[PDB]
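We begin with a single chain expressed as C-alpha cells, specifically the form solved without the RNA.
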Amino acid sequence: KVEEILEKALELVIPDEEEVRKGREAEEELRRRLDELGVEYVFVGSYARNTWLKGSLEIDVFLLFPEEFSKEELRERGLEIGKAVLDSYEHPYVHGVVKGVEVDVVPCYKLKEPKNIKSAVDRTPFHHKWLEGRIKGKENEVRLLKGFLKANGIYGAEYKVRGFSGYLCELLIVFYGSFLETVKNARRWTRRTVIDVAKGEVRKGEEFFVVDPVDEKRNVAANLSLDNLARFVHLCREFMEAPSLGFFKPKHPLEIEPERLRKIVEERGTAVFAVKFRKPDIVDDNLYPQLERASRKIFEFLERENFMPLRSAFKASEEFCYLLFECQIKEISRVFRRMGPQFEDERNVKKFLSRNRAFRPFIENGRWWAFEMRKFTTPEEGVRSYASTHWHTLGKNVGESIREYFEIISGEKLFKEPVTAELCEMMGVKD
C-alpha cells in the first residue's frame, strides 16, 4: 500500500503547470536584465534544483563580488532588476517580485572555493554546488519529505516553526536515497544522533547534528527543536505502521463553539487565562523567540508562586499577542509560611520577631517560621503583579509592549479572542 500512497502524495507535493509557468517566465526575464548589467550571478534556489514544494515558488539570485562593501552595488542591481523592491534584513538583501514571482537578490563573494567572510550568505553558493549534482532525479523524493513535514507543521527553520529547513530535507534525501528510506531510518533516530553526510555515516554525539558537507562544524539541523525532531520520528513510526495520504494533508482546525470550550475547561477544573498585549513591530524571527521567553518566565513565576502551571502557549495575530496559560490551582490560601532563622541566631531572631503579624510565628525543626499574607491568591492576580513590575524580563520588545499596556483575560471573553486553535491544542482537545 505504501508505494501507492506516495504516488497519490506526489499530486499534493508537485507544482501545477501554471505556477511552474510563473517560474520559467520570471527566471528567463530575470536573467535578461541581469545579463544586460553584465552581472555575475547564480540561482541558488530550491527553484534552481526543481526541488521546491507545490505552491511555494521563489527564486534566490546570488550576486558574486570580491572587496568589502557590496551593500549598495546590490541595492542597485536588485532595485534595477526587480519590478518591485522591498528590503529585508552583512545582512541587507533585496526582496522583490519579477514577472509575478518572489525574488531574493543577495550579494556574496564569488569565492575561490571555501573560506568565507563573516560566513553566512557566502556558504549558500557551495551548498548549491554540493546539492546540484547529487540531488538530480530525486527532486520529487524531496518534495515528498517537505510535503510530509509541511502537512504536520514542522517544515521550515524559521523560529516560528523550529522545524526542518529545506537544505536539511535535501541533505537527508541525498543521504538515504528517498523519502521512504528516510522515514524508515528516522524511526530509529535519537536526540544524540549525528548524521554526517560527507562521510556517509551515522554516529552518536551530544545532540541531533546533521553535519554540513561544506562545513563540518555547522549543524544544518540547528533550528530543529528537540520536540519537533521527536515529533518527526513519531510521525515516521506512525506512517510505516499504517501509511495514509492523510499524512500529506493539513489537519483541520477544531471547530469549537465557545460554550464547548467553557465546558471542557470547567470539566478540567483548571484556571485558563491569557495575557493580551500589542504586538510590537518586529520581524517573526525576533518576535517569536521573545514570545517563547516571555511565556517561559511567566510560567516559571507561576510555578514558584505555586499555582502549578500545566502548560503554556502563545499566539501572534496582526495586532495583538497572547500568552496562554492553564494552572491546576484556581485559588490559593491567603496565608503562607515565611521561613525564619535558626533558633540559635539570637539577632536575626529578634529581628524576625519584631515585625508585626496577624498571627504568632513558631518553631519547627529548630527554625523559626511565620504566617504571612500573600499579595494575591489567584494565578490571574499573580500574573498582573508580575507583568506589571517584571516586564523587563519578558524580552526587550514584548516586555516594552506589555509595559505600555496589557490585560489578563479569562472565561468566555478569552474564548472570543482568536486563540481557540492554540487553546485546544494546549489542552489536548480532540474532534
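Basically, rigid core = biggest C-alpha set you can superpose within 1.5 Å across the two forms. Residue numbers here begin at 1 and follow the sequence given.
The discussion below concerns the form solved in complex with the RNA, not included here.
Participant: By the heavy atom within 4.5 Å rule, which residue out of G340, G96, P309, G147 makes contact with the RNA in the deposited bound form?
Facilitator: Contact residue from the list: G340.
Participant: Quick one: from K110, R260, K330, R296, grab the residue that has a heavy atom within 4.5 Å of the RNA in the deposited bound form.
Facilitator: Checking each option against the RNA in the deposited bound form, the one that comes within 4.5 Å is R296.
Participant: Using a 4.5 Å heavy atom cut-off, which stretch among 270 to 278, 318 to 326, 349 to 357, 250 to 258 contacts the RNA in the deposited bound form?
Facilitator: It is the stretch 349 to 357.
Participant: Could you confirm whether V174 comes within 4.5 Å of the RNA in the deposited bound form, counting heavy atoms only?
Facilitator: Result no; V174 lies far from the RNA in the deposited bound form.
Participant: Using a 4.5 Å heavy atom cut-off, state whether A230 contacts the RNA in the deposited bound form.
Facilitator: Outside the cut-off, so no.
Participant: Heavy atoms within 4.5 Å of the RNA in the deposited bound form: does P289 have any?
Facilitator: Output for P289 is yes: heavy atoms within 4.5 Å of the RNA.
Participant: Please run the contact check for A186 against the RNA in the deposited bound form: heavy atoms, 4.5 angstroms, yes or no?
Facilitator: No, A186 sits far enough from the RNA in the deposited bound form that none of its heavy atoms falls within 4.5 Å.
Participant: Of 144 to 179, which residues get within 4.5 Å of the RNA in the deposited bound form if you count heavy atoms?
Facilitator: Going through 144 to 179 in order - heavy atoms within 4.5 Å of the RNA in the deposited bound form - the hits are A157, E158, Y159.
Participant: Once the rigid core is lined up, just say which one of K276, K150, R162, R77 has a C-alpha that travels 2 Å or more between this form and the one not shown.
Facilitator: Comparing the C-alpha positions, the one residue that moves 2 Å or more is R77.
Participant: Would you say whether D345 is displaced between this form and the one not shown, judging by a C-alpha shift of 2 Å or more on the superposed rigid core?
Facilitator: Yes, because once the rigid core is superposed, the C-alpha of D345 moves 2 Å or more between this form and the one not shown.
Participant: Given a superposition on the rigid core, I'd like a yes or no on whether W391 shifts its C-alpha by 2 Å or more between this form and the one not shown.
Facilitator: Stays below the 2 Å threshold, so no.
Participant: Align both forms on the core first, then report whether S354 has a C-alpha shift of 2 Å or more between this form and the one not shown.
Facilitator: Shift at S354: 2 Å or more after core fit.
Participant: Check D122 against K83 at the C-alpha atoms and report closer or farther in the deposited bound form, compared with the shown form; the change is 3 Å or more.
Facilitator: Compared with this form, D122 and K83 lie closer in the deposited bound form.
Participant: Could you tell me whether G82 and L63 have their C-alpha atoms closer or farther apart in the deposited bound form than in the shown form, knowing the shift is 3 angstroms or more?
Facilitator: Pair moves closer in the deposited bound form.
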